[PDB]
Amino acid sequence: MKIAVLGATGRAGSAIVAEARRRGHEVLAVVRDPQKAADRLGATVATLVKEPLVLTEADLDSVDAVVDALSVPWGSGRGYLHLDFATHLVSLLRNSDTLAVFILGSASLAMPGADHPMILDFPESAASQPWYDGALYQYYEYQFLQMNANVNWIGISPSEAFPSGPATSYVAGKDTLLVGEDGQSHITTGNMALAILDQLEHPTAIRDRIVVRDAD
């Protein structure tokens, strides 16, 4: 199948591009940095150099799936982009069969033993932390997705830690932070890539959100 990867030059994105190619899919890497694309993805990966917010329906009409691996640096003040990229992507998928996987945040997950997103219980002081702006808008991105019953979107949240690393295996859940045998909560970029491509090839979480951690 043909897969457009938004944020293809990123940590999650580049891992997704590699896993996609391993699995025999045609990749279109949407990028702003051709050099980064040449170095991280390889000369052989097809490229569309365009601002994500300016992508059109035509840009996406040859593709069977889209993966949103875009992010926003902490302390930029531009956490709203998490939301804007997603709303824009959804707007291009109206009346289309196209699968769209969105990587979400950990803050929209429940703590173990809770029944609601942990961000709701954050202290007022949290808004002063550089990570909050992005966490808030990814929580909103998650809520926005649920407004769309007629688009083939899939949400996947990382565990608390999202380090770079090769794939091994992953364990999946629904809305609650997962903790492994080591008492920690982490997923590698490689294992997130496995989970994403797994859903693309066999969608089980359409219009739902899952969370993934590294297996033990």
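Throughout, we count residues from 1 along the sequence that is shown.
Quiz prompt | Of 61 to 69 and 42 to 50, the stretch whose C-alpha atoms average the higher B-factor in the entry | solution = So the stretch with the higher mean C-alpha B-factor is 42 to 50.
Quiz item: In the PDB record, does 29 to 37 or 169 to 177 carry the higher mean Cα temperature factor?
Solution: Mean B over CA atoms: larger for 29 to 37.
Self-check item: Highest recorded Cα temperature factor - choice among 138, 146, 87, 95
Solution: Highest C-alpha B-factor among the listed residues goes to 95.
Quiz item: Against its chain's modelled residues, does residue 183's Cα B factor rank lowest, middle or highest third?
Solution: Top third by C-alpha B-factor.
Practice problem: Comparing against every modelled residue in the chain, figure out the third that the C-alpha B-factor of residue 56 lands in (lowest, middle or highest). | Solution: For residue 56, whose C-alpha B-factor we compare with every modelled residue in the chain, the answer is the middle third.
Self-check item: residue 8 - Cα temperature factor, lowest/middle/highest third of chain
Solution: Middle third.
Quiz item: Among the chain's modelled residues, which third holds the C-alpha B-factor of residue 23?
Solution: Lowest third.
Quiz item: In terms of the CA temperature factor given in the entry, to which third of its chain does residue 102 belong: lowest, middle or highest?
Solution: Tercile = lowest for this residue's CA B-factor.
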